[PDB]
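*Asks:* Below you'll find the structure I mean.
Neighbour counts run over all protein chains shown; Cβ positions are idealised from the backbone, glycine included. FYI, it's all coordinate maths here, none of it is from the lab.
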Amino acid sequence: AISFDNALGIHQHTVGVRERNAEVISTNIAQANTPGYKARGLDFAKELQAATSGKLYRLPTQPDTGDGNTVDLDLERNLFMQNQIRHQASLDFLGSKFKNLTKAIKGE
Amino acid sequence: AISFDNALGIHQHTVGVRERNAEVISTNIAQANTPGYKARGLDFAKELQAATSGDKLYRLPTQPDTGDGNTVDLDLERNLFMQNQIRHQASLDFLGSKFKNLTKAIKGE
Amino acid sequence: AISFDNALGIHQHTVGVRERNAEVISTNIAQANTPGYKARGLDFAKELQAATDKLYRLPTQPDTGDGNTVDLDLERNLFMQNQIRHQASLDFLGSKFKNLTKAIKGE
Amino acid sequence: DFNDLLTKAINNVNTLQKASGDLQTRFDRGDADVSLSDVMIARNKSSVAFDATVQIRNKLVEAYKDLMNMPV
Amino acid sequence: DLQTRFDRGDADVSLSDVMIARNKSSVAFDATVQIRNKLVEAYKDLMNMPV
Amino acid sequence: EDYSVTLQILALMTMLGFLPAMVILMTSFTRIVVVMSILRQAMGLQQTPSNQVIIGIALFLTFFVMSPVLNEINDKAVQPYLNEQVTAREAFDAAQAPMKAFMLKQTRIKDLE
Amino acid sequence: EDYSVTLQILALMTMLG
Amino acid sequence: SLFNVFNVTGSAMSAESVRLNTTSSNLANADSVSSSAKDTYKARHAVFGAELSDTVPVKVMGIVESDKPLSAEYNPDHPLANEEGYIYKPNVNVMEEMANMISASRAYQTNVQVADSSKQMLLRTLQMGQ
Amino acid sequence: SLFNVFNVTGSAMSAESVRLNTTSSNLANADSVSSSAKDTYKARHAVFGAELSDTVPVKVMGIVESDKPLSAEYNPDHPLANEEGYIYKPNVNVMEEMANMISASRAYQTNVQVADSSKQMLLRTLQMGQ
Amino acid sequence: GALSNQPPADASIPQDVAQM
Amino acid sequence: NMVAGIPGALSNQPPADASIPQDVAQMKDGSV
Amino acid sequence: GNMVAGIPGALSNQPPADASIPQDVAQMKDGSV
Amino acid sequence: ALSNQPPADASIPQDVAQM
Amino acid sequence: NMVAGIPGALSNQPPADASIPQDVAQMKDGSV
Amino acid sequence: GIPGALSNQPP
Amino acid sequence: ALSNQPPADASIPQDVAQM
């Protein structure tokens, strides 16, 4: 049948999840110097499934220097960079769904 | 005779091959300090022919290794990555124009 | 009339000559240390005639036993000038088609 | 056989669109064995095929309207 | 509603939710305009035939 | 030398533009409309059968009588062209030959002279 | 097998014509 | 799949960071005769691996102490001296630590360029066809 | 073809890197009397070459030792001394090796500039018309 | 990285490992 | 439940240095 | 699991007579383990 | 020079005889 | 023809300083 | 793992 | 300037009388 859940696919939910993942990475970078803060991650496969049909801790590669902070700043930059690239792709896919949908209903 | 294979030419396959070459070059740059790692190289002519009508080689060192067994010339790897990146973009411009030329012929505008 | 030869002018050939000139300068810089190599210069007017060669550069200072007649001060300046002029030729030749397409499409 | 020709062309367009959406869903889910070039190639083929389908339909409908409005 | 909530500064509304929703209504309203246009054209054609 | 794919697409997209001309000139649509138009005037009713219904029956009639020529075009030109057996010009000529045979069969000598 | 959403709209909009 | 490059270069970023922190522990404990674990400090070193069999990530499989013997010093009056009068110090060599600091820092930065350049190739791929 | 430029600059950097390693082995063996192979170390010098006959790459055609005599030292009690008490040492000259180190580094860096500048020209050509 | 469901512990830097 | 402490140089040292007030060192444990 | 391993950097690039790498680690350079 | 057989490791022995 | 020789310090010397081997100096003219 | 690998836990 | 023939090399003799 013709409906947005079948026309947009999962791209309507994927865009939202990656925005949340941006916040999770952003709050890790800010709390890099706060002692006692544990870096938290977001499981994309599980979060996407929850959104479609409806905050884990990252393990440190090395022991902390003593503050109690397990934020690896270079890992956060790499993860934020990849998340921003795939977020733009998600917008590209989801945006093209509407444009192709408009072309069909208008005929040109 | 109107078919995507005839209209897109070899540019639909070259982009994937140069992406593969970038991965092979990048893993050589990353593994430059790993001892026992032999620099890998991908033959472009063979890979393109394999893709067209349906296993990376070893790169011979110009100088002996200093005792670690690693034969990655990081000076050379940067040069090949730069060349592959430029040729990858050129193939994207060639392939991208193939679809645009088809669209303007179909739509008449 | 109305042909690509007249529409593009000589800007279709200049881009090629600036590429050949850049190649020769790159050769001179690379072969600066190899003894016995004689610096090669390209005559612009020759490729102009070829459109409508590969000479030798006489040194300003004597060699030091190598026989190499490459002055790295000269090569860098000549490579900088060629690269700047090469971009201008692309701008000139690129706008030839942009004006040509606007005339045909009217938009 | 003309009925077969029309359905086969539509099935080709529908097959391309399914392949395009399939790769986009796999890529967006985060599958490792999917390259962006294949996704972009697939969706560009789908766009060209659907553009052809619309234009051919418009030509046939315009041809139909011209004939029906003809004063007999 | 999502446009007004985001515009007035509510912190529980995301831009992606607004953009998905506003594009969702734009396609629907374009569809109902096209369907209405086709139905009126059909009515005009039927009524403008000699009987 | 076969034409490029872009030209071939542009060439057969132009045929769709001239499609109404082919129906009214090179097909049987002309005679069928005229005969039913005179038949309507023969009876007392002025415009009871209506123009659209007359054209509708004519379109079905011209489709059924031109099926052998359409089938011959497909089985001589379209299929070899889709299967890369002949080039674009040969496919164009192979499609025109059955069409020319149909017009020449139902024409008059004096008109040709 | 099943027609895509874009094709289903195109067929339905065709029948209105 | 240029996203696989982010898994390779990014892994090297962590791998070269471990070797840098390994160097720092060697520089700071080159003169430390005592220890909290009752064993004299020895020059630690990381072990890189490549599971070659497309993209081969580099992973640290563990830190390993150097095989050089401990540097003995004749300190007969030190509390920790032995019967012969010798105390033992870590086998950390200054020259190799400097080379590790130079090599690890340069290796860390050259993977940033590949990760940054591979980012641009993906953005242009999205722009293809338009 | 500016891609040919990358070959010339790339071959140049390879040639200059070979000379630097040759210089490194000369400095490390300026005082070495013994050797693995039973022959005294002689100063090494890579031989550059040009196949001139457009773009002429520079190629290293082999390492050639200097023909200067080995510097003899009067060390009569040395185990390797000859009948007259002379031990022979490599003919490495310190001043000429430092000039090679300076020359090899500068020649290496200037080829990076040409490659980077030539890279911009190719990218600018991709923008032609479009 | 290797996301776990329990927070990692803080590293202990004792001057003597016996007094831990 | 805030996690708190002195950010930077004082925290990233062994506790044997003891340059942080004991009250602040408790906050990093996760209770305030 | 056919990997190559060893201490990167200064330790490995010394000639083998230095004997700085542990023998167990040094033997994982030919593809063993 | 892309070959098909991995290059052999360089050897730096004390004596070329015991190699 | 091919031209070659030792670059750098050794070649940038007067011929009297016989650092360059005799056969390598021959290559510095022309070869084929 | 590595035969000479060091542990990150107290001895 | 340019020329159609290669320039000659440089002579560094220890005695100009013998060239």
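*Asks:* What would the Debye formula give as log10 I(q)/I(0) at q = 0.11, 0.14, 0.21, 0.24 Å⁻¹ for the alpha-carbon point model of chain F, no solvent?
*Replies:* For chain F, the Cα-only Debye profile gives -0.50, -0.74, -1.19, -1.34.
*Asks:* Okay, moving on. All other residues with a Cβ under 13 Å from the Cβ of L:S20 taken together, and with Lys, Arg as +1 and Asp, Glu as -1, what is their net charge?
*Replies:* Computed value for this residue: -3.
*Asks:* Using the 7 Å Cα-to-Cβ label point, sort the distances from I:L80 to its equivalents in the other copies shortest first and give them in nm to one decimal.
*Replies:* Label-point separations across copies, in nm and ascending: 4.1.
*Asks:* Convert each backbone phi in segment N:25-32 into a coupling constant with the Karplus relation 6.51 cos²θ - 1.76 cosθ + 1.60 (shift: θ = phi - 60°), then list the ³J(HN,Hα) values in order as whole Hz, x for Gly and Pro.
*Replies:* 5, 5, 4, 5, 8, x, 8, 6
*Asks:* Moving on. Return I:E83, C:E23, F:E84 ranked ascending by Cβ neighbour count within 10 Å, so the fewest neighbours appear first.
*Replies:* Listing I:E83, C:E23, F:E84 from fewest to most nearby Cβ atoms yields I:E83, F:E84, C:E23.
*Asks:* If the reach is capped at under 16 angstrom between alpha carbons, list the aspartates and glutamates near B:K56, excluding any in the same chain fewer than eight residues apart.
*Replies:* Of all the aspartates and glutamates, those that pass the test against B:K56 - Cα under 16 Å, at least 8 places apart if same chain - are B:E19, B:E23, B:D43, B:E47, B:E77, H:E51, H:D54.
*Asks:* At a temperature of 10 °C and a viscosity of 1.306 mPa s, determine how fast segment B:20-87 diffuses translationally according to Stokes-Einstein, using the Kirkwood radius over alpha-carbon pairs as Rh; express D in µm²/s, rounded to the nearest whole number.
*Replies:* The estimated diffusion coefficient comes to 125 µm²/s.
*Asks:* Here's a follow-up. Using alpha carbons only, how many degrees (0 to 90, rounded to 10) separate the axis of helix E:15-47 from the longest principal axis of chain E?
*Replies:* The helix E:15-47 is inclined about 10 degrees to chain E.
*Asks:* Moving on to the next point. What does the helix-only formula give at 222 nm for chain I: each DSSP H stretch with n ≥ 4 adding -39500 (n - 2.57), the total divided by the residues, and the result rounded to the nearest 500 deg cm²/dmol?
*Replies:* Calculated from helices alone, the mean residue ellipticity at 222 nm is -16500 deg cm²/dmol.
*Asks:* Eigenvalues of the Cα gyration tensor times 5, then square-rooted: what semi-axes does that give for chain H, in whole angstrom, largest first?
*Replies:* After scaling each eigenvalue by five and taking roots: 45, 13, 10 Å.
*Asks:* What does the copy distance list look like for I:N21, label position 7 Å along Cα→Cβ, in nm and ordered from shortest?
*Replies:* Spacings between copies for this position, smallest first, are 3.4 nm.
*Asks:* Still on this model: Pairs C:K105/D:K18; B:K98/H:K119; B:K107/E:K38; A:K106/B:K98; H:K68/L:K29: which exceed 30 Å Cα-Cα?
*Replies:* C:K105/D:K18
*Asks:* Which residue of chain H is nearest the rotation axis onto chain I, counting by its Cβ, and what is the distance in whole Å?
*Replies:* Looking at chain H's Cβ atoms against the axis toward I, the nearest is H:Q130, 11.
*Asks:* Would you work out if segment F:1-65 is rounded, prolate or oblate? Take a ≥ b ≥ c from the square roots of the eigenvalues of the alpha-carbon gyration tensor; rounded if a/c is under 1.5, else prolate when a/b is larger than b/c, oblate otherwise.
*Replies:* It is prolate, given that a/c is not under 1.5 and a/b is the larger ratio.
*Asks:* In terms of the ratio Rg/(2.2 N^0.38 Å) built on C-alpha atoms, what value belongs to segment I:64-130?
*Replies:* 2.30
*Asks:* Tell me what chain B gives for mean residue ellipticity at 222 nm when only DSSP H runs of n ≥ 4 count, each as -39,500 (n - 2.57), the sum divided by the residue total, rounded to 500 deg cm²/dmol.
*Replies:* -21000 deg cm²/dmol
*Asks:* For chain D, what class follows from the C-alpha gyration tensor (a ≥ b ≥ c being the square roots of its eigenvalues): rounded when a/c is under 1.5, otherwise prolate if a/b is larger than b/c, else oblate?
*Replies:* Note, shape of chain D comes out prolate.
*Asks:* Right, something else. Every other copy gets compared here: list the nm distances from the H:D39 label point (7 Å along Cα to Cβ) to its counterparts, shortest first, one decimal.
*Replies:* With the label placed 7 Å along Cα→Cβ, H:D39 yields 4.8 nm.
*Asks:* Rank these for me by crowding, P:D9, H:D77, going from fewest to most other beta carbons within 10 Å.
*Replies:* Fewest-to-most ranking of P:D9, H:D77: H:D77, P:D9.
*Asks:* Additional query: Angle check, please: helix F:88-105 long axis (alpha carbons) against the longest principal axis of chain F (alpha carbons), in degrees 0 to 90, nearest 10.
*Replies:* Once rounded, one gets 30 degrees.
*Asks:* Cut-off is 10 Å between beta-carbons; in what order do H:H45, C:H86 appear when sorted fewest neighbours first?
*Replies:* In increasing order of surrounding Cβ atoms, one gets C:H86, H:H45.
*Asks:* So, counting K/R as plus one and D/E as minus one, what does the shell of residues with Cβ under 14 Å around L:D30 add up to?
*Replies:* -2
*Asks:* Can you bin the protein assembly as shown into rounded, prolate or oblate? Criterion: square roots of the alpha carbon gyration tensor eigenvalues sorted a ≥ b ≥ c, rounded for a/c under 1.5, prolate for a/b above b/c, oblate for the rest.
*Replies:* Cα axes put the protein assembly as shown in the oblate bin.
*Asks:* Work from the charge dipole of chain A (Cβ charges, +1 for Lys and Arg, -1 for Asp and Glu, about the Cα centre) and give the residue of A:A51, A:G41, A:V24 farthest towards its positive end.
*Replies:* A:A51
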